Amino acid sequence: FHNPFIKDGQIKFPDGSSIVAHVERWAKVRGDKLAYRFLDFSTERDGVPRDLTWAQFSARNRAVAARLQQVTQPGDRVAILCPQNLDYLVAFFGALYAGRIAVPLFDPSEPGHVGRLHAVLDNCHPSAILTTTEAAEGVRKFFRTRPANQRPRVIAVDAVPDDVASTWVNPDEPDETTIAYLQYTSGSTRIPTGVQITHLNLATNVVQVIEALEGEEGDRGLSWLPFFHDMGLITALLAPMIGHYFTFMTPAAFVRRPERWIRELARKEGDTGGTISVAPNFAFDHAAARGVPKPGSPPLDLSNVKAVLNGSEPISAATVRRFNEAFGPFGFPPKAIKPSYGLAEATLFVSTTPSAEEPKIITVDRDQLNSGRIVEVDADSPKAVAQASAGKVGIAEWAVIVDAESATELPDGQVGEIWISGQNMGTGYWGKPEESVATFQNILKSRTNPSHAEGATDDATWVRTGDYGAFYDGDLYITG
């Protein structure tokens, strides 16, 4: 394995950092290869695939982009309110193609979406809404509950002919400030927090994920999570940078029959590589409980699974044991479970376990962990408690444990606030100048010897994650 974007430990972008340039490249050299597939379980139970090749994907992207360039201006924000299907990605990439700031959200009519859609739209004030014909009515209804002066143009992406792309203008190469999209994430503030993720942020973090998971050509990506999610888009954005196709289903499709995700994770005949996917802790439990094939099932081979990214709350030892007990007999490698630390402020990925290692879980003093120190004890101990690792910090980014008040790096084992830095870090919160400075632009005033900030410059900006944790024995631990 070798990362095509890394040269001498440095992330190099020869063909720019435009993910638009990457998609167009595949559309030119492998236009007839599969790019994106949506497993539709709305009608049938084993699902019918909706496919979209690289050239087809480009055709739809440029068509929507051309329409957006007629009704929006550079700097405008375009909210994506499609149902979870192919048209969602068409809309999202379409907004990027148009040279506008995408805002990945959700169809209001779709159930199981957590987020204050009203307050979010209040924050970014989009000039256009992207949806589908099937959902356009529900969208128009939702906006009737909003003031008249904030009911922006609604565009059904599937209603835009392919030949519209004829007038599409490719936006000039973006610098390091050009915002690709706004990623809104959970918070307790009244005004929702939308991380400004630049094209440089996107490309950098995708590369950092590729490096961490040893992603290659031949590796296909899979996801069931809603696109509006801290880890909802990363696997999809992986496909254009790596050149292999991405497969997805609705969240509800997974909840109904989690075996569908297990099946798609499994080896297909013709596979030259592994499967990469994402699943929070509860998803592992749900799959282990309801996603194991009945007796008499067709062969299930999970020996191909490369990485299932699991974030961001610490994975349970009980969950790890249960999932391996359930799918281990089907060939599932324990090392495929990749516990990780991630957040929207860093685009997503910050740390995960090494490629050849299983989830590291250690037994530490329960109350000493409460006193702010990580100390290993025996399993027999009455003060014993299991604590799972978040692995090691990815390439071209740093994480440090600091004393929050004095901005001073702490010795290993000691719990403090986690500060992070790198080119994947967002450039602020939309519409929150002061909150942006406070969170994204901190200076590290003191380092230990050795330091976890080794490689970072003095004027490197550090992100106050708000999370607390500690380094222990070469691994990062999130404790709060």
# chains A, B, ... in the order shown; residues from 1 in each chain; ligands from 1

$ residues_around --residues "residue 441 of chain A" --least-positions-apart "2" --cutoff "9 Å" --atoms "only C-alpha atoms" --output "VMD selection string"
chain A and resid 427 to 428 436 to 439 443 460 to 464

$ residues_around --residues "residue 302 of chain A" --least-positions-apart "4" --cutoff "12 Å" --atoms "only C-alpha atoms" --output "PyMOL selection string"
chain A and resi 261-268+274-276+292+306-308+324+326-334+336

$ write_last_selection --atoms "N, CA, C and O atoms" --output "CSV table (one decimal), in the first residue's frame"
chain,number,residue,atom,x,y,z
A,261,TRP,N,-27.0,-4.3,5.6
A,261,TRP,CA,-25.7,-3.7,5.8
A,261,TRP,C,-24.6,-4.8,5.9
A,261,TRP,O,-23.5,-4.6,5.4
A,262,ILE,N,-25.0,-5.8,6.6
A,262,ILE,CA,-24.1,-7.0,6.8
A,262,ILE,C,-23.8,-7.6,5.4
A,262,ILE,O,-22.6,-7.9,5.1
A,263,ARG,N,-24.8,-7.8,4.6
A,263,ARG,CA,-24.7,-8.4,3.3
A,263,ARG,C,-23.9,-7.6,2.4
A,263,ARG,O,-23.1,-8.1,1.6
A,264,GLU,N,-24.1,-6.3,2.4
A,264,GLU,CA,-23.3,-5.4,1.5
A,264,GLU,C,-21.9,-5.2,2.0
A,264,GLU,O,-21.0,-5.0,1.1
A,265,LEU,N,-21.6,-5.4,3.3
A,265,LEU,CA,-20.3,-5.5,3.8
A,265,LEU,C,-19.5,-6.7,3.3
A,265,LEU,O,-18.3,-6.7,3.1
A,266,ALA,N,-20.3,-7.8,3.1
A,266,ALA,CA,-19.7,-9.1,2.7
A,266,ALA,C,-19.1,-9.1,1.4
A,266,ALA,O,-19.3,-8.2,0.5
A,267,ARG,N,-18.2,-10.1,1.1
A,267,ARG,CA,-17.5,-10.2,-0.2
A,267,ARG,C,-18.4,-10.5,-1.3
A,267,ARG,O,-19.3,-11.3,-1.2
A,268,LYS,N,-18.2,-9.7,-2.4
A,268,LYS,CA,-18.9,-10.0,-3.7
A,268,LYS,C,-17.9,-10.7,-4.6
A,268,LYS,O,-16.7,-10.5,-4.5
A,274,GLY,N,-11.3,-4.4,-0.2
A,274,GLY,CA,-12.1,-4.5,1.0
A,274,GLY,C,-13.3,-3.6,1.1
A,274,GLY,O,-13.4,-2.7,0.2
A,275,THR,N,-14.1,-3.7,2.1
A,275,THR,CA,-15.2,-2.8,2.3
A,275,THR,C,-14.9,-1.8,3.4
A,275,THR,O,-14.5,-2.2,4.5
A,276,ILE,N,-15.2,-0.5,3.1
A,276,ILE,CA,-15.1,0.5,4.1
A,276,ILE,C,-16.4,1.1,4.5
A,276,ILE,O,-17.2,1.5,3.6
A,292,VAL,N,-27.9,-11.2,11.9
A,292,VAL,CA,-27.2,-12.5,11.7
A,292,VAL,C,-28.1,-13.3,10.8
A,292,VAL,O,-29.3,-13.5,11.1
A,306,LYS,N,-12.4,-4.3,5.5
A,306,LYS,CA,-11.2,-3.6,5.8
A,306,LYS,C,-11.4,-2.7,7.0
A,306,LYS,O,-10.6,-2.9,8.0
A,307,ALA,N,-12.3,-1.9,7.0
A,307,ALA,CA,-12.5,-0.9,8.1
A,307,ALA,C,-14.0,-0.5,8.3
A,307,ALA,O,-14.6,-0.1,7.3
A,308,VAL,N,-14.5,-0.6,9.5
A,308,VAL,CA,-15.7,0.0,9.9
A,308,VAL,C,-15.4,1.1,11.0
A,308,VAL,O,-15.2,0.7,12.1
A,324,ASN,N,-18.2,-9.5,17.5
A,324,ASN,CA,-17.2,-10.5,17.0
A,324,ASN,C,-17.8,-11.9,17.3
A,324,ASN,O,-17.5,-12.8,16.5
A,326,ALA,N,-20.9,-12.6,17.1
A,326,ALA,CA,-22.0,-12.8,16.1
A,326,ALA,C,-21.5,-13.1,14.7
A,326,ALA,O,-22.0,-14.0,14.0
A,327,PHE,N,-20.5,-12.3,14.2
A,327,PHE,CA,-20.1,-12.3,12.8
A,327,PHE,C,-18.7,-12.9,12.6
A,327,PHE,O,-18.3,-13.1,11.5
A,328,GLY,N,-18.0,-13.1,13.7
A,328,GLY,CA,-16.7,-13.8,13.6
A,328,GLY,C,-16.8,-15.2,12.9
A,328,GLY,O,-15.9,-15.4,12.1
A,329,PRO,N,-17.8,-16.0,13.2
A,329,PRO,CA,-17.9,-17.3,12.5
A,329,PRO,C,-18.1,-17.1,11.0
A,329,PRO,O,-18.0,-18.1,10.2
A,330,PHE,N,-18.5,-15.9,10.5
A,330,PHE,CA,-18.6,-15.6,9.1
A,330,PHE,C,-17.4,-15.0,8.5
A,330,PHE,O,-17.4,-14.6,7.3
A,331,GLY,N,-16.3,-15.0,9.3
A,331,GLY,CA,-15.0,-14.6,8.8
A,331,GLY,C,-14.7,-13.1,9.1
A,331,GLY,O,-13.6,-12.6,8.6
A,332,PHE,N,-15.5,-12.4,9.8
A,332,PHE,CA,-15.3,-11.0,10.1
A,332,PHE,C,-14.0,-10.9,11.0
A,332,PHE,O,-13.9,-11.5,12.0
A,333,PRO,N,-13.0,-10.1,10.5
A,333,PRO,CA,-11.8,-9.8,11.2
A,333,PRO,C,-12.0,-8.8,12.3
A,333,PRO,O,-12.6,-7.8,12.1
A,334,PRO,N,-11.6,-9.2,13.5
A,334,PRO,CA,-11.7,-8.2,14.7
A,334,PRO,C,-11.0,-6.9,14.4
A,334,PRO,O,-11.5,-5.9,15.0
A,336,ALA,N,-11.1,-5.2,11.8
A,336,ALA,CA,-11.9,-4.3,10.9
A,336,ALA,C,-12.7,-3.3,11.7
A,336,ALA,O,-13.1,-2.3,11.2

$ residues_around --residues "segment 20-30 of chain A" --least-positions-apart "6" --cutoff "9 Å" --atoms "only C-alpha atoms" --output "MDAnalysis selection string"
chainID A and resid 53:59 93 96:97 239:241 243

$ residues_around --residues "residue 117 of chain A" --least-positions-apart "2" --cutoff "9 Å" --atoms "only C-alpha atoms" --output "PDB file with C-alpha atoms, in the first residue's frame"
ATOM      1  CA  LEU A 105     -29.402  18.788   5.488  1.00  0.00           C
ATOM      2  CA  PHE A 106     -32.396  16.479   5.163  1.00  0.00           C
ATOM      3  CA  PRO A 108     -38.331  17.445   6.330  1.00  0.00           C
ATOM      4  CA  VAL A 114     -32.400  14.937  14.678  1.00  0.00           C
ATOM      5  CA  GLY A 115     -31.788  18.652  14.173  1.00  0.00           C
ATOM      6  CA  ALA A 119     -32.910  27.516  13.312  1.00  0.00           C
ATOM      7  CA  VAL A 120     -30.296  26.175  10.884  1.00  0.00           C
ATOM      8  CA  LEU A 121     -31.894  27.841   7.857  1.00  0.00           C
ATOM      9  CA  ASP A 122     -32.095  30.993   9.976  1.00  0.00           C
TER      10      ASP A 122
END

$ select_by_dssp --residues "segment 144-330 of chain A" --states "strand (DSSP E)" --output "MDAnalysis selection string"
chainID A and resid 153:156 179:185 193:198 220:223 246:248 275:278 305:310

$ write_last_selection --atoms "C-alpha atoms" --output "PDB file, in the first residue's frame"
ATOM      1  CA  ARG A 153     -36.246  29.265  -4.593  1.00  0.00           C
ATOM      2  CA  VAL A 154     -36.948  25.530  -4.511  1.00  0.00           C
ATOM      3  CA  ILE A 155     -35.357  23.431  -7.257  1.00  0.00           C
ATOM      4  CA  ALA A 156     -36.107  19.787  -8.014  1.00  0.00           C
ATOM      5  CA  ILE A 179     -15.728  27.232   1.637  1.00  0.00           C
ATOM      6  CA  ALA A 180     -16.992  23.978   0.126  1.00  0.00           C
ATOM      7  CA  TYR A 181     -19.910  23.357   2.473  1.00  0.00           C
ATOM      8  CA  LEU A 182     -21.312  24.052   5.939  1.00  0.00           C
ATOM      9  CA  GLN A 183     -21.467  21.089   8.309  1.00  0.00           C
ATOM     10  CA  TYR A 184     -24.013  21.720  11.048  1.00  0.00           C
ATOM     11  CA  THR A 185     -23.508  19.596  14.151  1.00  0.00           C
ATOM     12  CA  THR A 193     -23.278  25.702  14.910  1.00  0.00           C
ATOM     13  CA  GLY A 194     -22.209  25.294  11.284  1.00  0.00           C
ATOM     14  CA  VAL A 195     -18.576  24.393  10.703  1.00  0.00           C
ATOM     15  CA  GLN A 196     -17.052  26.077   7.663  1.00  0.00           C
ATOM     16  CA  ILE A 197     -15.411  23.243   5.729  1.00  0.00           C
ATOM     17  CA  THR A 198     -13.228  24.412   2.845  1.00  0.00           C
ATOM     18  CA  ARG A 220     -15.633   0.108  -2.154  1.00  0.00           C
ATOM     19  CA  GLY A 221     -17.348   2.358   0.377  1.00  0.00           C
ATOM     20  CA  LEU A 222     -20.606   1.623   2.167  1.00  0.00           C
ATOM     21  CA  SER A 223     -22.902   3.656   4.419  1.00  0.00           C
ATOM     22  CA  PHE A 246     -19.719   4.059  -3.194  1.00  0.00           C
ATOM     23  CA  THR A 247     -22.884   2.269  -2.057  1.00  0.00           C
ATOM     24  CA  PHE A 248     -25.532   3.550   0.351  1.00  0.00           C
ATOM     25  CA  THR A 275     -15.218  -2.797   2.266  1.00  0.00           C
ATOM     26  CA  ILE A 276     -15.052   0.514   4.112  1.00  0.00           C
ATOM     27  CA  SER A 277     -17.995   1.714   6.192  1.00  0.00           C
ATOM     28  CA  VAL A 278     -19.065   3.676   9.268  1.00  0.00           C
ATOM     29  CA  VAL A 305     -14.058  -6.140   5.558  1.00  0.00           C
ATOM     30  CA  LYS A 306     -11.211  -3.632   5.785  1.00  0.00           C
ATOM     31  CA  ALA A 307     -12.532  -0.929   8.105  1.00  0.00           C
ATOM     32  CA  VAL A 308     -15.732  -0.015   9.912  1.00  0.00           C
ATOM     33  CA  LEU A 309     -15.097   3.422  11.403  1.00  0.00           C
ATOM     34  CA  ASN A 310     -16.729   3.855  14.812  1.00  0.00           C
TER      35      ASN A 310
END

$ residues_around --residues "residue 17 of chain A" --least-positions-apart "3" --cutoff "10 Å" --atoms "only C-alpha atoms" --output "number ranges by chain"
A: 12-14, 20-22, 173-176, 198-204, 241

$ write_last_selection --atoms "N, CA, C and O atoms" --output "mmCIF file, in the first residue's frame"
data_model
loop_
_atom_site.group_PDB
_atom_site.id
_atom_site.type_symbol
_atom_site.label_atom_id
_atom_site.label_comp_id
_atom_site.auth_asym_id
_atom_site.auth_seq_id
_atom_site.Cartn_x
_atom_site.Cartn_y
_atom_site.Cartn_z
ATOM 1 N N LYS A 12 0.386 16.140 -0.658
ATOM 2 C CA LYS A 12 0.562 16.916 -1.880
ATOM 3 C C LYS A 12 -0.643 16.783 -2.803
ATOM 4 O O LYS A 12 -1.125 15.679 -3.057
ATOM 5 N N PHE A 13 -1.126 17.920 -3.295
ATOM 6 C CA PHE A 13 -2.239 17.949 -4.235
ATOM 7 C C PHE A 13 -1.781 18.453 -5.600
ATOM 8 O O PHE A 13 -1.846 19.652 -5.874
ATOM 9 N N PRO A 14 -1.313 17.535 -6.459
ATOM 10 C CA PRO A 14 -0.824 17.901 -7.794
ATOM 11 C C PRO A 14 -1.947 18.367 -8.718
ATOM 12 O O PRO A 14 -1.797 19.377 -9.406
ATOM 13 N N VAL A 20 -14.248 18.349 -7.379
ATOM 14 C CA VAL A 20 -14.935 18.482 -8.657
ATOM 15 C C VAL A 20 -14.020 18.027 -9.790
ATOM 16 O O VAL A 20 -14.452 17.344 -10.719
ATOM 17 N N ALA A 21 -12.749 18.404 -9.697
ATOM 18 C CA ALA A 21 -11.755 18.028 -10.694
ATOM 19 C C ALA A 21 -11.547 16.519 -10.721
ATOM 20 O O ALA A 21 -11.284 15.938 -11.774
ATOM 21 N N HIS A 22 -11.666 15.888 -9.557
ATOM 22 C CA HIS A 22 -11.496 14.445 -9.454
ATOM 23 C C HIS A 22 -12.640 13.690 -10.129
ATOM 24 O O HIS A 22 -12.403 12.754 -10.890
ATOM 25 N N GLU A 173 -9.974 27.595 -9.822
ATOM 26 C CA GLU A 173 -9.367 26.801 -8.756
ATOM 27 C C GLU A 173 -9.444 27.498 -7.403
ATOM 28 O O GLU A 173 -8.942 28.609 -7.240
ATOM 29 N N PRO A 174 -10.091 26.842 -6.429
ATOM 30 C CA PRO A 174 -10.281 27.391 -5.084
ATOM 31 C C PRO A 174 -8.979 27.465 -4.297
ATOM 32 O O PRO A 174 -8.142 26.568 -4.409
ATOM 33 N N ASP A 175 -8.811 28.523 -3.513
ATOM 34 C CA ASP A 175 -7.636 28.648 -2.660
ATOM 35 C C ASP A 175 -7.867 27.940 -1.329
ATOM 36 O O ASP A 175 -8.582 26.939 -1.264
ATOM 37 N N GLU A 176 -7.268 28.465 -0.267
ATOM 38 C CA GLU A 176 -7.359 27.827 1.040
ATOM 39 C C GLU A 176 -8.464 28.439 1.901
ATOM 40 O O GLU A 176 -8.619 28.084 3.070
ATOM 41 N N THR A 198 -13.733 23.992 4.146
ATOM 42 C CA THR A 198 -13.228 24.412 2.845
ATOM 43 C C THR A 198 -12.915 23.209 1.966
ATOM 44 O O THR A 198 -12.876 22.074 2.444
ATOM 45 N N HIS A 199 -12.699 23.465 0.679
ATOM 46 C CA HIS A 199 -12.285 22.423 -0.254
ATOM 47 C C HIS A 199 -10.960 21.819 0.192
ATOM 48 O O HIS A 199 -10.729 20.619 0.043
ATOM 49 N N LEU A 200 -10.095 22.664 0.744
ATOM 50 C CA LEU A 200 -8.821 22.208 1.283
ATOM 51 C C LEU A 200 -9.043 21.311 2.497
ATOM 52 O O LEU A 200 -8.356 20.306 2.656
ATOM 53 N N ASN A 201 -10.000 21.680 3.347
ATOM 54 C CA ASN A 201 -10.375 20.844 4.484
ATOM 55 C C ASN A 201 -10.831 19.466 4.025
ATOM 56 O O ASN A 201 -10.344 18.444 4.509
ATOM 57 N N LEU A 202 -11.776 19.459 3.089
ATOM 58 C CA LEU A 202 -12.354 18.229 2.555
ATOM 59 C C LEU A 202 -11.279 17.298 2.005
ATOM 60 O O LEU A 202 -11.138 16.164 2.461
ATOM 61 N N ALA A 203 -10.525 17.788 1.025
ATOM 62 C CA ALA A 203 -9.507 16.987 0.354
ATOM 63 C C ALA A 203 -8.455 16.467 1.329
ATOM 64 O O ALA A 203 -8.024 15.317 1.232
ATOM 65 N N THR A 204 -8.048 17.315 2.268
ATOM 66 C CA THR A 204 -7.036 16.947 3.251
ATOM 67 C C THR A 204 -7.498 15.795 4.138
ATOM 68 O O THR A 204 -6.766 14.826 4.340
ATOM 69 N N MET A 241 -11.951 10.564 -4.734
ATOM 70 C CA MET A 241 -10.523 10.708 -4.486
ATOM 71 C C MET A 241 -9.793 9.379 -4.660
ATOM 72 O O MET A 241 -8.580 9.350 -4.860
#

$ select_by_dssp --residues "segment 69-220 of chain A" --states "helix (DSSP H, G or I)" --output "PyMOL selection string"
chain A and resi 69-71+86-97+117-124+133-145+148-150+157-159+162-167+199-213

$ residues_around --residues "residue 335 of chain A" --least-positions-apart "4" --cutoff "8 Å" --atoms "only C-alpha atoms" --output "mmCIF file with N, CA, C and O atoms, in the first residue's frame"
data_model
loop_
_atom_site.group_PDB
_atom_site.id
_atom_site.type_symbol
_atom_site.label_atom_id
_atom_site.label_comp_id
_atom_site.auth_asym_id
_atom_site.auth_seq_id
_atom_site.Cartn_x
_atom_site.Cartn_y
_atom_site.Cartn_z
ATOM 1 N N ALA A 307 -12.350 -1.859 6.998
ATOM 2 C CA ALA A 307 -12.532 -0.929 8.105
ATOM 3 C C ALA A 307 -13.982 -0.497 8.291
ATOM 4 O O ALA A 307 -14.644 -0.071 7.344
ATOM 5 N N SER A 355 -3.658 -0.001 11.302
ATOM 6 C CA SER A 355 -4.374 -0.884 10.385
ATOM 7 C C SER A 355 -4.341 -2.357 10.784
ATOM 8 O O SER A 355 -5.290 -3.097 10.524
ATOM 9 N N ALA A 356 -3.254 -2.783 11.417
ATOM 10 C CA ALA A 356 -3.068 -4.197 11.726
ATOM 11 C C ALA A 356 -3.458 -4.539 13.160
ATOM 12 O O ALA A 356 -3.298 -5.679 13.595
ATOM 13 N N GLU A 357 -3.972 -3.557 13.891
ATOM 14 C CA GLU A 357 -4.319 -3.773 15.291
ATOM 15 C C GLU A 357 -5.823 -3.878 15.509
ATOM 16 O O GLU A 357 -6.615 -3.303 14.765
ATOM 17 N N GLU A 358 -6.200 -4.630 16.538
ATOM 18 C CA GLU A 358 -7.584 -4.707 16.980
ATOM 19 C C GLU A 358 -7.877 -3.500 17.866
ATOM 20 O O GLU A 358 -6.949 -2.800 18.271
ATOM 21 N N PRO A 359 -9.165 -3.233 18.148
ATOM 22 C CA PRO A 359 -9.489 -2.171 19.106
ATOM 23 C C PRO A 359 -8.745 -2.340 20.428
ATOM 24 O O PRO A 359 -8.864 -3.383 21.071
#

$ atom_distance --atom1 "atom CA of residue 76 of chain A" --atom2 "atom CA of residue 235 of chain A"
25.8 Å

$ residues_around --residues "residue 233 of chain A" --least-positions-apart "5" --cutoff "10 Å" --atoms "only C-alpha atoms" --output "PyMOL selection string"
chain A and resi 89+104+183+223+225-228+238+347-348

$ write_last_selection --atoms "N, CA and C atoms" --output "compact mmCIF listing (two decimals), in the first residue's frame"
# COMPACT_ATOMS: atom_id res chain seq x y z
N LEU A 89 -26.84 13.27 -3.51
CA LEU A 89 -25.44 13.46 -3.88
C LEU A 89 -25.32 14.32 -5.13
N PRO A 104 -25.53 20.48 3.53
CA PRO A 104 -26.11 19.13 3.62
C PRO A 104 -27.10 19.03 4.78
N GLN A 183 -21.06 22.28 7.58
CA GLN A 183 -21.47 21.09 8.31
C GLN A 183 -22.04 21.46 9.67
N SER A 223 -22.34 2.87 3.32
CA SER A 223 -22.90 3.66 4.42
C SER A 223 -24.42 3.55 4.48
N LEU A 225 -25.87 5.51 7.25
CA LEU A 225 -26.13 6.72 8.02
C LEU A 225 -26.77 7.81 7.17
N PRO A 226 -27.60 8.66 7.79
CA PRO A 226 -28.13 9.81 7.06
C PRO A 226 -27.00 10.72 6.64
N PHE A 227 -27.09 11.31 5.45
CA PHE A 227 -26.03 12.16 4.94
C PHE A 227 -25.79 13.34 5.88
N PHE A 228 -26.85 13.87 6.48
CA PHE A 228 -26.70 14.87 7.52
C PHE A 228 -26.29 14.19 8.82
N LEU A 238 -15.12 9.91 -0.25
CA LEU A 238 -13.95 9.05 -0.41
C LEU A 238 -13.84 8.53 -1.84
N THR A 347 -13.37 18.68 10.07
CA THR A 347 -14.07 18.04 8.94
C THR A 347 -14.65 16.70 9.41
N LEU A 348 -13.78 15.77 9.81
CA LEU A 348 -14.21 14.61 10.58
C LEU A 348 -13.04 13.93 11.30
